[PDB]
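Text of the file final_32.pdb, holding PDB, C-alpha atoms and all ligand atoms:
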```
MODEL        1
ATOM      1  CA  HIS M  10       9.926  58.159 -71.185
ATOM      2  CA  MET M  11       8.723  55.408 -73.556
ATOM      3  CA  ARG M  12       7.748  56.713 -76.999
ATOM      4  CA  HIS M  13       6.108  55.647 -80.268
ATOM      5  CA  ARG M  14       8.179  53.059 -82.144
ATOM      6  CA  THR M  15       9.089  53.352 -85.823
ATOM      7  CA  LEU M  16      10.392  50.696 -88.224
ATOM      8  CA  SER M  17      13.722  52.543 -88.514
ATOM      9  CA  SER M  18      14.149  53.176 -84.775
ATOM     10  CA  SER M  19      13.598  49.761 -83.180
ATOM     11  CA  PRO M  20      13.120  47.094 -85.932
ATOM     12  CA  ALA M  21      13.967  44.261 -83.508
ATOM     13  CA  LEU M  22      10.549  44.555 -81.827
ATOM     14  CA  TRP M  23       8.474  44.460 -85.040
ATOM     15  CA  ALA M  24       6.891  41.452 -86.756
ATOM     16  CA  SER M  25       5.520  41.161 -90.294
ATOM     17  CA  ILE M  26       2.485  39.543 -91.908
ATOM     18  CA  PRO M  27       2.346  38.861 -95.702
ATOM     19  CA  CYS M  28      -0.238  41.391 -96.888
ATOM     20  CA  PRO M  29      -0.437  43.090-100.339
ATOM     21  CA  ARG M  30      -1.942  46.585-100.563
ATOM     22  CA  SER M  31      -4.692  45.110-102.749
ATOM     23  CA  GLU M  32      -5.861  43.461 -99.509
ATOM     24  CA  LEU M  33      -5.225  46.308 -97.041
ATOM     25  CA  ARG M  34      -4.320  49.989 -97.115
ATOM     26  CA  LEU M  35      -4.013  51.221 -93.511
ATOM     27  CA  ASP M  36      -4.584  54.859 -94.492
ATOM     28  CA  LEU M  37      -7.921  54.045 -96.190
ATOM     29  CA  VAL M  38      -9.213  51.851 -93.342
ATOM     30  CA  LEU M  39      -8.018  53.114 -89.952
ATOM     31  CA  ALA M  40      -9.514  56.591 -90.537
ATOM     32  CA  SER M  41     -12.504  55.926 -92.816
ATOM     33  CA  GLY M  42     -15.086  56.172 -90.018
ATOM     34  CA  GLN M  43     -14.966  52.486 -89.026
ATOM     35  CA  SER M  44     -12.749  52.766 -85.945
ATOM     36  CA  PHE M  45     -12.018  56.013 -84.080
ATOM     37  CA  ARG M  46      -9.105  54.620 -82.059
ATOM     38  CA  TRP M  47      -6.265  54.956 -84.601
ATOM     39  CA  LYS M  48      -4.048  57.976 -85.297
ATOM     40  CA  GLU M  49      -1.046  58.464 -87.587
ATOM     41  CA  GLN M  50       1.287  59.636 -84.805
ATOM     42  CA  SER M  51       4.352  59.539 -87.064
ATOM     43  CA  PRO M  52       4.222  59.343 -90.918
ATOM     44  CA  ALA M  53       2.928  55.963 -92.156
ATOM     45  CA  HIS M  54       2.807  54.639 -88.566
ATOM     46  CA  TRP M  55      -0.681  54.138 -87.121
ATOM     47  CA  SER M  56      -0.979  53.793 -83.339
ATOM     48  CA  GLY M  57      -4.094  52.622 -81.498
ATOM     49  CA  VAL M  58      -5.545  50.256 -78.896
ATOM     50  CA  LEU M  59      -6.884  46.749 -79.514
ATOM     51  CA  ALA M  60      -8.232  44.441 -76.785
ATOM     52  CA  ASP M  61      -6.536  46.116 -73.800
ATOM     53  CA  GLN M  62      -3.217  46.459 -75.657
ATOM     54  CA  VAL M  63      -1.629  49.147 -77.838
ATOM     55  CA  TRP M  64      -0.339  48.488 -81.366
ATOM     56  CA  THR M  65       1.637  50.464 -83.927
ATOM     57  CA  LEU M  66       1.026  49.466 -87.556
ATOM     58  CA  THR M  67       2.917  50.265 -90.755
ATOM     59  CA  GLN M  68       3.233  48.488 -94.108
ATOM     60  CA  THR M  69       5.260  48.122 -97.293
ATOM     61  CA  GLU M  70       3.862  46.999-100.663
ATOM     62  CA  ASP M  71       3.602  43.324 -99.649
ATOM     63  CA  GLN M  72       4.105  43.307 -95.851
ATOM     64  CA  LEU M  73       2.164  44.494 -92.794
ATOM     65  CA  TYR M  74       4.554  45.385 -89.960
ATOM     66  CA  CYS M  75       3.204  45.461 -86.397
ATOM     67  CA  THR M  76       4.530  46.017 -82.860
ATOM     68  CA  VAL M  77       2.822  45.652 -79.468
ATOM     69  CA  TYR M  78       3.087  47.627 -76.227
ATOM     70  CA  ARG M  79       1.890  45.464 -73.323
ATOM     71  CA  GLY M  80       2.400  48.254 -70.793
ATOM     72  CA  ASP M  81       2.602  46.272 -67.530
ATOM     73  CA  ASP M  82       6.333  47.027 -67.130
ATOM     74  CA  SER M  83       7.435  43.686 -68.603
ATOM     75  CA  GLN M  84      10.260  42.750 -70.988
ATOM     76  CA  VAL M  85       9.549  44.339 -74.382
ATOM     77  CA  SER M  86       9.509  41.804 -77.230
ATOM     78  CA  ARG M  87       8.036  41.026 -80.660
ATOM     79  CA  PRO M  88       4.317  40.144 -81.107
ATOM     80  CA  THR M  89       3.498  36.537 -80.178
ATOM     81  CA  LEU M  90       1.717  34.056 -82.461
ATOM     82  CA  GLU M  91      -1.586  34.591 -80.621
ATOM     83  CA  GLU M  92      -1.345  38.397 -80.831
ATOM     84  CA  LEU M  93      -0.684  38.087 -84.580
ATOM     85  CA  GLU M  94      -3.788  35.884 -84.930
ATOM     86  CA  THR M  95      -5.809  38.576 -83.126
ATOM     87  CA  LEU M  96      -4.600  41.141 -85.677
ATOM     88  CA  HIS M  97      -5.282  38.729 -88.562
ATOM     89  CA  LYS M  98      -8.872  38.327 -87.329
ATOM     90  CA  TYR M  99      -9.193  42.104 -86.842
ATOM     91  CA  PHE M 100      -8.480  42.780 -90.534
ATOM     92  CA  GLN M 101     -10.265  39.566 -91.625
ATOM     93  CA  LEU M 102      -7.393  38.670 -93.963
ATOM     94  CA  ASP M 103      -8.856  35.178 -94.506
ATOM     95  CA  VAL M 104     -11.360  36.844 -96.851
ATOM     96  CA  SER M 105      -9.850  37.706-100.242
ATOM     97  CA  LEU M 106     -10.659  41.342-101.036
ATOM     98  CA  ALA M 107      -9.114  41.073-104.520
ATOM     99  CA  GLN M 108     -11.744  38.488-105.514
ATOM    100  CA  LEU M 109     -14.522  40.567-103.919
ATOM    101  CA  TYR M 110     -13.425  43.691-105.823
ATOM    102  CA  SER M 111     -13.551  41.829-109.153
ATOM    103  CA  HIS M 112     -16.915  40.262-108.256
ATOM    104  CA  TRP M 113     -18.528  43.616-107.372
ATOM    105  CA  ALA M 114     -16.972  45.278-110.436
ATOM    106  CA  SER M 115     -18.555  42.783-112.867
ATOM    107  CA  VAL M 116     -22.064  44.136-112.155
ATOM    108  CA  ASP M 117     -21.101  47.740-111.330
ATOM    109  CA  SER M 118     -19.203  50.032-113.709
ATOM    110  CA  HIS M 119     -19.060  52.891-111.179
ATOM    111  CA  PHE M 120     -17.349  50.638-108.621
ATOM    112  CA  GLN M 121     -14.848  49.631-111.322
ATOM    113  CA  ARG M 122     -13.612  53.229-111.685
ATOM    114  CA  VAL M 123     -13.387  53.839-107.922
ATOM    115  CA  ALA M 124     -11.702  50.452-107.373
ATOM    116  CA  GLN M 125      -8.764  51.618-109.528
ATOM    117  CA  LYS M 126      -7.565  54.194-106.990
ATOM    118  CA  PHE M 127      -9.070  52.936-103.730
ATOM    119  CA  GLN M 128      -7.746  49.393-103.284
ATOM    120  CA  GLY M 129      -7.370  47.605 -99.949
ATOM    121  CA  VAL M 130     -10.438  49.150 -98.290
ATOM    122  CA  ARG M 131     -11.681  46.300 -96.082
ATOM    123  CA  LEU M 132     -13.960  45.961 -93.047
ATOM    124  CA  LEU M 133     -12.492  45.755 -89.550
ATOM    125  CA  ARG M 134     -13.880  43.124 -87.176
ATOM    126  CA  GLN M 135     -14.515  45.285 -84.112
ATOM    127  CA  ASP M 136     -15.534  44.543 -80.528
ATOM    128  CA  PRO M 137     -19.377  44.882 -80.270
ATOM    129  CA  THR M 138     -19.411  47.071 -77.136
ATOM    130  CA  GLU M 139     -16.768  49.447 -78.507
ATOM    131  CA  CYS M 140     -18.598  49.647 -81.841
ATOM    132  CA  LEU M 141     -22.011  50.100 -80.198
ATOM    133  CA  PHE M 142     -21.188  53.121 -78.029
ATOM    134  CA  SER M 143     -18.830  54.710 -80.558
ATOM    135  CA  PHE M 144     -21.660  54.828 -83.112
ATOM    136  CA  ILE M 145     -24.135  56.156 -80.531
ATOM    137  CA  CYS M 146     -21.774  59.165 -80.448
ATOM    138  CA  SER M 147     -21.839  59.436 -84.261
ATOM    139  CA  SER M 148     -25.258  61.114 -84.620
ATOM    140  CA  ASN M 149     -25.046  64.672 -86.011
ATOM    141  CA  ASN M 150     -21.265  64.585 -85.677
ATOM    142  CA  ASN M 151     -18.012  64.221 -87.637
ATOM    143  CA  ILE M 152     -15.113  61.751 -87.527
ATOM    144  CA  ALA M 153     -12.786  64.326 -85.927
ATOM    145  CA  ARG M 154     -15.239  65.263 -83.157
ATOM    146  CA  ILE M 155     -16.368  61.650 -82.590
ATOM    147  CA  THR M 156     -12.709  60.646 -82.161
ATOM    148  CA  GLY M 157     -12.387  63.276 -79.416
ATOM    149  CA  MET M 158     -15.542  62.114 -77.609
ATOM    150  CA  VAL M 159     -14.501  58.441 -77.637
ATOM    151  CA  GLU M 160     -10.960  59.286 -76.495
ATOM    152  CA  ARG M 161     -12.245  61.301 -73.518
ATOM    153  CA  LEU M 162     -14.866  58.643 -72.693
ATOM    154  CA  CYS M 163     -12.145  55.971 -72.517
ATOM    155  CA  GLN M 164      -9.871  58.095 -70.297
ATOM    156  CA  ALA M 165     -12.669  58.888 -67.826
ATOM    157  CA  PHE M 166     -14.262  55.425 -67.645
ATOM    158  CA  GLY M 167     -11.706  52.944 -69.037
ATOM    159  CA  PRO M 168      -8.516  51.394 -67.523
ATOM    160  CA  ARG M 169      -5.119  52.928 -68.330
ATOM    161  CA  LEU M 170      -2.807  50.822 -70.503
ATOM    162  CA  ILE M 171       0.368  52.836 -71.189
ATOM    163  CA  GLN M 172       1.679  56.296 -72.116
ATOM    164  CA  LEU M 173       3.635  56.948 -75.324
ATOM    165  CA  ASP M 174       5.080  60.457 -75.722
ATOM    166  CA  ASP M 175       2.260  62.792 -74.585
ATOM    167  CA  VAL M 176      -0.533  60.330 -75.436
ATOM    168  CA  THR M 177      -2.109  58.175 -72.715
ATOM    169  CA  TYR M 178      -3.948  55.062 -73.929
ATOM    170  CA  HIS M 179      -7.016  53.584 -72.228
ATOM    171  CA  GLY M 180      -8.964  50.392 -72.905
ATOM    172  CA  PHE M 181     -12.681  50.648 -73.675
ATOM    173  CA  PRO M 182     -14.891  50.664 -70.514
ATOM    174  CA  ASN M 183     -17.209  47.824 -69.485
ATOM    175  CA  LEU M 184     -20.989  48.290 -69.448
ATOM    176  CA  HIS M 185     -21.135  48.543 -65.643
ATOM    177  CA  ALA M 186     -18.923  51.661 -65.702
ATOM    178  CA  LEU M 187     -21.162  53.512 -68.191
ATOM    179  CA  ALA M 188     -24.381  52.525 -66.368
ATOM    180  CA  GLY M 189     -23.615  54.297 -63.069
ATOM    181  CA  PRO M 190     -25.799  57.119 -61.611
ATOM    182  CA  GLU M 191     -23.230  59.838 -62.412
ATOM    183  CA  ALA M 192     -22.303  58.540 -65.886
ATOM    184  CA  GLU M 193     -24.647  60.820 -67.865
ATOM    185  CA  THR M 194     -23.614  63.990 -66.006
ATOM    186  CA  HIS M 195     -19.913  63.182 -66.471
ATOM    187  CA  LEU M 196     -20.404  62.365 -70.171
ATOM    188  CA  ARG M 197     -22.139  65.739 -70.666
ATOM    189  CA  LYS M 198     -19.122  67.360 -68.974
ATOM    190  CA  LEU M 199     -16.982  65.554 -71.587
ATOM    191  CA  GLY M 200     -19.094  67.177 -74.321
ATOM    192  CA  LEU M 201     -21.290  64.326 -75.627
ATOM    193  CA  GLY M 202     -24.483  66.345 -75.077
ATOM    194  CA  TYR M 203     -27.728  64.420 -75.660
ATOM    195  CA  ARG M 204     -25.687  61.335 -76.621
ATOM    196  CA  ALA M 205     -24.597  60.998 -72.970
ATOM    197  CA  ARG M 206     -28.159  59.907 -72.124
ATOM    198  CA  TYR M 207     -28.181  57.189 -74.811
ATOM    199  CA  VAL M 208     -24.753  55.887 -73.755
ATOM    200  CA  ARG M 209     -25.849  55.509 -70.128
ATOM    201  CA  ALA M 210     -29.329  54.240 -71.020
ATOM    202  CA  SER M 211     -28.049  51.617 -73.494
ATOM    203  CA  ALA M 212     -25.485  50.478 -70.912
ATOM    204  CA  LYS M 213     -28.256  49.889 -68.346
ATOM    205  CA  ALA M 214     -30.505  48.273 -70.975
ATOM    206  CA  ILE M 215     -27.883  45.712 -72.040
ATOM    207  CA  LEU M 216     -27.140  44.817 -68.395
ATOM    208  CA  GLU M 217     -30.683  44.699 -67.030
ATOM    209  CA  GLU M 218     -32.856  43.814 -70.035
ATOM    210  CA  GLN M 219     -30.445  41.718 -72.132
ATOM    211  CA  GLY M 220     -28.082  40.264 -69.509
ATOM    212  CA  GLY M 221     -24.661  41.806 -70.188
ATOM    213  CA  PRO M 222     -22.178  41.590 -73.127
ATOM    214  CA  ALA M 223     -22.881  37.884 -73.710
ATOM    215  CA  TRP M 224     -25.980  39.226 -75.497
ATOM    216  CA  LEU M 225     -23.846  40.988 -78.134
ATOM    217  CA  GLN M 226     -22.031  37.672 -78.722
ATOM    218  CA  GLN M 227     -25.416  35.958 -79.214
ATOM    219  CA  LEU M 228     -26.301  38.583 -81.851
ATOM    220  CA  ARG M 229     -22.988  37.730 -83.547
ATOM    221  CA  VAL M 230     -24.243  34.197 -84.302
ATOM    222  CA  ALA M 231     -27.907  35.211 -84.739
ATOM    223  CA  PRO M 232     -29.234  36.129 -88.243
ATOM    224  CA  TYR M 233     -28.669  39.698 -89.472
ATOM    225  CA  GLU M 234     -32.362  40.613 -89.363
ATOM    226  CA  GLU M 235     -32.754  39.224 -85.829
ATOM    227  CA  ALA M 236     -29.664  41.115 -84.615
ATOM    228  CA  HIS M 237     -30.742  44.356 -86.311
ATOM    229  CA  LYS M 238     -34.197  44.364 -84.688
ATOM    230  CA  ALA M 239     -32.693  43.601 -81.267
ATOM    231  CA  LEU M 240     -30.245  46.526 -81.494
ATOM    232  CA  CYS M 241     -33.070  48.919 -82.448
ATOM    233  CA  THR M 242     -34.661  48.385 -79.007
ATOM    234  CA  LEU M 243     -31.690  50.210 -77.419
ATOM    235  CA  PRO M 244     -31.833  53.994 -76.707
ATOM    236  CA  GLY M 245     -30.078  56.042 -79.403
ATOM    237  CA  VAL M 246     -29.768  53.000 -81.698
ATOM    238  CA  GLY M 247     -31.796  53.120 -84.923
ATOM    239  CA  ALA M 248     -31.489  51.433 -88.328
ATOM    240  CA  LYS M 249     -28.349  53.337 -89.372
ATOM    241  CA  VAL M 250     -26.464  52.658 -86.120
ATOM    242  CA  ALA M 251     -27.793  49.079 -85.949
ATOM    243  CA  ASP M 252     -26.544  48.351 -89.484
ATOM    244  CA  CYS M 253     -23.113  49.799 -88.666
ATOM    245  CA  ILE M 254     -22.801  47.509 -85.635
ATOM    246  CA  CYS M 255     -24.045  44.551 -87.702
ATOM    247  CA  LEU M 256     -21.509  45.205 -90.476
ATOM    248  CA  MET M 257     -18.536  46.157 -88.327
ATOM    249  CA  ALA M 258     -18.970  44.032 -85.180
ATOM    250  CA  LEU M 259     -21.579  41.259 -85.571
ATOM    251  CA  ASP M 260     -20.223  39.697 -88.797
ATOM    252  CA  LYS M 261     -23.171  40.667 -91.014
ATOM    253  CA  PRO M 262     -21.397  41.477 -94.345
ATOM    254  CA  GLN M 263     -24.729  42.137 -96.099
ATOM    255  CA  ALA M 264     -25.587  44.961 -93.670
ATOM    256  CA  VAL M 265     -25.640  48.253 -95.601
ATOM    257  CA  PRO M 266     -25.697  51.388 -93.357
ATOM    258  CA  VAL M 267     -27.818  54.090 -95.006
ATOM    259  CA  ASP M 268     -27.182  57.637 -93.781
ATOM    260  CA  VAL M 269     -27.025  60.997 -95.598
ATOM    261  CA  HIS M 270     -23.648  60.055 -97.133
ATOM    262  CA  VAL M 271     -24.645  56.849 -98.957
ATOM    263  CA  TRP M 272     -28.007  58.377 -99.916
ATOM    264  CA  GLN M 273     -25.928  61.042-101.684
ATOM    265  CA  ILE M 274     -23.683  58.417-103.317
ATOM    266  CA  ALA M 275     -26.695  56.353-104.424
ATOM    267  CA  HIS M 276     -28.395  59.369-106.013
ATOM    268  CA  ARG M 277     -25.386  61.091-107.597
ATOM    269  CA  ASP M 278     -23.327  58.092-108.709
ATOM    270  CA  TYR M 279     -26.035  55.458-109.360
ATOM    271  CA  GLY M 280     -28.992  57.722-110.225
ATOM    272  CA  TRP M 281     -31.168  55.842-107.722
ATOM    273  CA  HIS M 282     -34.517  57.144-106.480
ATOM    274  CA  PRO M 283     -37.095  55.384-104.224
ATOM    275  CA  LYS M 284     -39.495  53.589-106.589
ATOM    276  CA  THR M 285     -41.520  51.373-104.232
ATOM    277  CA  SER M 286     -41.850  54.290-101.793
ATOM    278  CA  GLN M 287     -43.873  57.364-102.799
ATOM    279  CA  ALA M 288     -41.921  60.079-100.954
ATOM    280  CA  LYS M 289     -38.973  61.625-102.813
ATOM    281  CA  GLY M 290     -36.694  62.517 -99.886
ATOM    282  CA  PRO M 291     -35.216  60.249 -97.142
ATOM    283  CA  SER M 292     -37.420  58.146 -94.852
ATOM    284  CA  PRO M 293     -37.204  54.929 -92.735
ATOM    285  CA  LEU M 294     -38.969  53.086 -95.576
ATOM    286  CA  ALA M 295     -36.838  54.641 -98.340
ATOM    287  CA  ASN M 296     -33.576  54.030 -96.447
ATOM    288  CA  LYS M 297     -34.532  50.359 -96.074
ATOM    289  CA  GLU M 298     -35.325  50.215 -99.806
ATOM    290  CA  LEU M 299     -31.869  51.590-100.663
ATOM    291  CA  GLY M 300     -30.187  48.956 -98.479
ATOM    292  CA  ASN M 301     -32.117  46.257-100.370
ATOM    293  CA  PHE M 302     -31.017  47.855-103.660
ATOM    294  CA  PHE M 303     -27.317  47.513-102.799
ATOM    295  CA  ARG M 304     -27.688  43.948-101.490
ATOM    296  CA  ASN M 305     -29.442  42.997-104.735
ATOM    297  CA  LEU M 306     -26.662  44.653-106.760
ATOM    298  CA  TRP M 307     -23.571  43.550-104.813
ATOM    299  CA  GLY M 308     -24.783  40.391-103.041
ATOM    300  CA  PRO M 309     -23.924  38.965 -99.566
ATOM    301  CA  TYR M 310     -20.863  41.193 -98.986
ATOM    302  CA  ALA M 311     -22.746  44.370 -99.959
ATOM    303  CA  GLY M 312     -21.674  46.136 -96.750
ATOM    304  CA  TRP M 313     -18.011  45.651 -97.699
ATOM    305  CA  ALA M 314     -18.596  47.226-101.122
ATOM    306  CA  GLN M 315     -20.394  50.105 -99.382
ATOM    307  CA  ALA M 316     -17.324  50.760 -97.213
ATOM    308  CA  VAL M 317     -15.134  51.085-100.323
ATOM    309  CA  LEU M 318     -17.393  53.846-101.684
ATOM    310  CA  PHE M 319     -17.853  55.487 -98.267
ATOM    311  CA  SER M 320     -14.071  55.603 -97.767
ATOM    312  CA  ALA M 321     -13.550  56.932-101.309
ATOM    313  CA  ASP M 322     -16.253  59.581-100.787
ATOM    314  CA  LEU M 323     -14.433  60.934 -97.705
ATOM    315  CA  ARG M 324     -11.401  61.752 -99.884
ATOM    316  CA  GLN M 325     -13.229  64.530-101.767
TER     317      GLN M 325
HETATM  318  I1  LIG M 401     -20.513  61.338 -88.531
HETATM  319  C1  LIG M 401     -20.030  59.408 -89.232
HETATM  320  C2  LIG M 401     -18.907  58.751 -88.749
HETATM  321  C3  LIG M 401     -18.597  57.486 -89.217
HETATM  322  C4  LIG M 401     -19.401  56.868 -90.166
HETATM  323  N1  LIG M 401     -19.011  55.538 -90.609
HETATM  324  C5  LIG M 401     -19.677  54.774 -91.655
HETATM  325  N2  LIG M 401     -20.978  54.892 -91.923
HETATM  326  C6  LIG M 401     -21.552  54.166 -92.883
HETATM  327  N3  LIG M 401     -20.857  53.292 -93.599
HETATM  328  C7  LIG M 401     -19.525  53.108 -93.377
HETATM  329  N4  LIG M 401     -18.582  52.305 -93.940
HETATM  330  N5  LIG M 401     -17.384  52.526 -93.326
HETATM  331  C8  LIG M 401     -17.543  53.449 -92.391
HETATM  332  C9  LIG M 401     -18.908  53.844 -92.399
HETATM  333  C10 LIG M 401     -20.527  57.532 -90.644
HETATM  334  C11 LIG M 401     -20.838  58.799 -90.178
HETATM  335 NI    NI M 402     -32.472  62.744-109.259
ENDMDL
END
```
Translate the structure described by the file into structure tokens.
Ligand SMILES: Ic1ccc(Nc2ncnc3[nH]ncc23)cc1
Ligand code: NI
Amino acid sequence: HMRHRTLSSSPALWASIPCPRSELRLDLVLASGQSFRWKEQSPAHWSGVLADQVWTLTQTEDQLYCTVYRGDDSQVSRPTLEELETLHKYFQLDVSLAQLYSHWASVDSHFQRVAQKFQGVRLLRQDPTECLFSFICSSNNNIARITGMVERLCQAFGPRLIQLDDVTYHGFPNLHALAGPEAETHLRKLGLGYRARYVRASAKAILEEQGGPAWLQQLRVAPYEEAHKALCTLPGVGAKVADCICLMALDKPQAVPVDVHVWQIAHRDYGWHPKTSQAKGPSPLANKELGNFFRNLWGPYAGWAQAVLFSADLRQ
């Protein structure tokens, strides 16, 4: 019965946050391979789940409009102050992206050109667990197919929140749920393939070897290099996936994920080749070197600059 809200339909239930498009463009962020939990259900209206609640997000030129669906058959109302703070933290709007863009552009002419069109590409502050297992599913995959895997994984293992039109929303499952004896077999049935093993195995590892999700919070306050190494002990988690989690979940802005995409960008757009390393093609050593290159160039928010180029590279 209940359906997706729009700003025209039910404007009484919405609430705004002052946000220029220099700071945030929804359409360049919510589907740029950071989160896989957002979909443009109706034009310019992005629906998705955040911390066991569903949101719908739209924006004008200088406002970010948002509405919440609590789901527990309570009185529908506007977002509260605390829910708005949660969304503020999610987009990290405390950090000025306008000043970052100008800073990166001063030492990078290529970024300057791309920054013209692609403004408001910022990093989401994601839940560690959600980020971890999502990016375990990302190996040899694509954003469309990953989005399917994660959706199905949440329906099978996660708690139901609400239904809107013909879309049922589920919260992300806890580690215990993914660590069960039947979890791998079920995940293979859902089409994850070899990734099903890593999902189950990393669930068990975090519980048994690292002591639950408190560990991921410890890595959030630990240094980048400490957190990175710790993640790489998990099944299915290497340097690429570890860096993604660092950048997107563990508040390491200097983390620069190096996969085939950024290796292409580095070579084509910056003319970079591995100098310190001997081998011409990709390698663990050469990928690490390229990460160091971008940190040296861009500085302590190098991962944020990387996301601007990554997002721009998706759009042909
Ligand atoms: I397949 C697949 C899916 C998603 C990604 N996401 C990213 N990887 C590296 N840097 C990034 N910055 N923003 C997203 C992002 C990569 C490969
Ligand atoms: Ni070359």
Sort by chain and increasing residue number a table of all residues of chain M within 7 Å of ligand NI 402 (chain M), each with its closest pair of atoms and their distance in Å to one decimal, counting only C-alpha atoms and all ligand atoms, and write it as JSON lines.
```
{"residue": "M:276", "atom": "CA", "partner": "M:NI402", "partner_atom": "NI", "distance": 6.2}
{"residue": "M:280", "atom": "CA", "partner": "M:NI402", "partner_atom": "NI", "distance": 6.2}
{"residue": "M:282", "atom": "CA", "partner": "M:NI402", "partner_atom": "NI", "distance": 6.6}
```
TODO: List all protein, DNA and RNA residues that have any atom at most 7 Å from ligand LIG 401 (chain M), counting only C-alpha atoms and all ligand atoms, and write the list as JSON, numbers by chain.
DONE: {"M": [41, 42, 43, 147, 148, 149, 150, 151, 152, 253, 266, 267, 268, 315, 316, 319, 320]}
Task: Residues within 10 Å of (-20.8, 46.1, -100.6), counting all atoms listed in the file, listed as a VMD selection string - done: chain M and resid 109 to 110 113 120 262 to 265 303 to 304 306 to 318
If we count all atoms listed in the file, what is near segment 18-34 of chain M at a cut-off of 8 Å, once residues fewer than 5 positions away on the same chain are taken out, given as a PDB file with C-alpha atoms, in the frame of the given file?
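After the write, part-v9.pdb holds the following:
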```
ATOM      1  CA  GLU M  70       3.862  46.999-100.663  1.00  0.00           C
ATOM      2  CA  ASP M  71       3.602  43.324 -99.649  1.00  0.00           C
ATOM      3  CA  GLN M  72       4.105  43.307 -95.851  1.00  0.00           C
ATOM      4  CA  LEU M  73       2.164  44.494 -92.794  1.00  0.00           C
ATOM      5  CA  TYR M  74       4.554  45.385 -89.960  1.00  0.00           C
ATOM      6  CA  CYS M  75       3.204  45.461 -86.397  1.00  0.00           C
ATOM      7  CA  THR M  76       4.530  46.017 -82.860  1.00  0.00           C
ATOM      8  CA  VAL M  85       9.549  44.339 -74.382  1.00  0.00           C
ATOM      9  CA  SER M  86       9.509  41.804 -77.230  1.00  0.00           C
ATOM     10  CA  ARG M  87       8.036  41.026 -80.660  1.00  0.00           C
ATOM     11  CA  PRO M  88       4.317  40.144 -81.107  1.00  0.00           C
ATOM     12  CA  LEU M 102      -7.393  38.670 -93.963  1.00  0.00           C
ATOM     13  CA  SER M 105      -9.850  37.706-100.242  1.00  0.00           C
ATOM     14  CA  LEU M 106     -10.659  41.342-101.036  1.00  0.00           C
ATOM     15  CA  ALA M 107      -9.114  41.073-104.520  1.00  0.00           C
ATOM     16  CA  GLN M 128      -7.746  49.393-103.284  1.00  0.00           C
ATOM     17  CA  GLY M 129      -7.370  47.605 -99.949  1.00  0.00           C
ATOM     18  CA  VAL M 130     -10.438  49.150 -98.290  1.00  0.00           C
ATOM     19  CA  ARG M 131     -11.681  46.300 -96.082  1.00  0.00           C
TER      20      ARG M 131
END
```
- [ ] Translate the PyMOL selection byres (((chain M and resi 247) around 12) and not hetatm), as applied to the file shown, into an explicit residue set as a PyMOL selection string.
- [x] chain M and resi 141+144-145+147-148+207+237-246+248-255+266-268+293+296-297
Using all atoms listed in the file, which protein or nucleic acid residues come within 7 Å of residue 163 of chain M? Drop anything in the same chain fewer than 4 positions from it, and give the result as a PDB file with C-alpha atoms, in the coordinates of the input.
```
ATOM      1  CA  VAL M 159     -14.501  58.441 -77.637  1.00  0.00           C
ATOM      2  CA  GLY M 167     -11.706  52.944 -69.037  1.00  0.00           C
ATOM      3  CA  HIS M 179      -7.016  53.584 -72.228  1.00  0.00           C
ATOM      4  CA  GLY M 180      -8.964  50.392 -72.905  1.00  0.00           C
ATOM      5  CA  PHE M 181     -12.681  50.648 -73.675  1.00  0.00           C
ATOM      6  CA  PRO M 182     -14.891  50.664 -70.514  1.00  0.00           C
TER       7      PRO M 182
END
```
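In this comparison, which uses all atoms listed in the file, the residue of M:77, M:208, M:230, M:16 approaching residue 51 of chain M most closely is M:16.
All polymer residues at most 7 Å from (-1.3, 54.9, -81.7), using only C-alpha atoms, appear as residues 47, 48, 49, 50, 55, 56, 57, 58, 63, 64 and 65 of chain M.
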TODO: Mind checking which residues fall within 12 Å of residue 190 of chain M, counting all atoms listed in the file, ignoring those fewer than 4 positions away in the same chain, and posting them as an MDAnalysis selection string?
DONE: chainID M and resid 185:186 194:196 206 209:210 212:213
Task: For residue 278 of chain M: contacts at 12 Å, all atoms listed in the file, fewer than 2 positions along chain excluded, given as number ranges by chain - done: M: 117-120, 122-123, 270-276, 280-282, 318, 322
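Pairwise distance (atom CA of residue 294 of chain M, atom CA of residue 155 of chain M) equals 27.4 Å.
With only C-alpha atoms as the basis for measurement, M:215 is the residue among M:93, M:116, M:38, M:215 that approaches residue 183 of chain M most closely.
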